[PDB]
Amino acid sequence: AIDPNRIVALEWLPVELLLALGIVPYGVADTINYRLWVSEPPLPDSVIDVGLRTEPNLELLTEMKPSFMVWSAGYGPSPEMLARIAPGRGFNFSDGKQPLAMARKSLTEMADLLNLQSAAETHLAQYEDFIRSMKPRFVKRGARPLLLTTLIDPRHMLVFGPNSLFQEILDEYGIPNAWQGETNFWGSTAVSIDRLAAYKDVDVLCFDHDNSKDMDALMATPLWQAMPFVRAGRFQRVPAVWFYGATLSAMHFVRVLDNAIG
């Protein structure tokens, strides 16, 4: 993807890969929601919004003449169709088990394509150092499991399991993941609110994403008020963190994690 200033990112994972390498995306799919769900790595105003990740403005892309386009494997438009617009590459979020391991590989891969090998190494070094440096902030904490969630709608809570982006972080800090149930490839699964009642002695973090109306509707139900971890005072709403990102999202998680239970 020769011209580093004409790269269009059709999904948020590669946006994060580009940003970690110092690249300013020429175009980004759904800049609006990127701000509501990813937030942390801010996108400059100059970035062109090329439409929803699942339905990018194909005419716009064609007119833009991107030097290269990057997206997430198995997500969004057909890579075959996309490759017809401009050169491109899809990136894997995970191998289905360790998203973070893949993130490191993805960054490296992106760096090689753009000959930013050094920048990748500098970032990866900052990543591992940051993660390790924060370990002491969770030493005092015991073996109480942690439940990571986000409200999809009043009737559905998304929970992140063992193969979620967050697991590796939890593992390094000795924090058991309360959710050991099924998960999709991306490390999450949507469950009915009642399913959360099964958890008594656990801490629960819920990622906000400008959905106060929904959180309010949820918290007004007697069920939510009856929730053992709620009554136990173990529930906390926290800032949005992209669950399907890479190293920047992981580091963002650690910051949020720290403020919440560090």
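For every residue, the number given is its place in the sequence shown, counted from 1.
- Looking at 68-76 and 133-141 together, the entry lists the larger mean B-factor for 133-141, computed on C-alpha atoms.
- Across the two stretches, 146-154 and 79-87, the PDB entry reports the greater mean Cα temperature factor for 79-87.
- Annotation for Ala29: CA B-factor lies in the lowest third of the chain's modelled residues.
- Residue-level temperature factors show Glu172 in the highest third of its chain, judged at the C-alpha atom.
- Among the modelled residues of its chain, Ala1 has a C-alpha B-factor that falls in the highest third, as given in the PDB entry.
- Sort the chain's modelled residues by C-alpha temperature factor and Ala260 lands in the highest third, per the entry.
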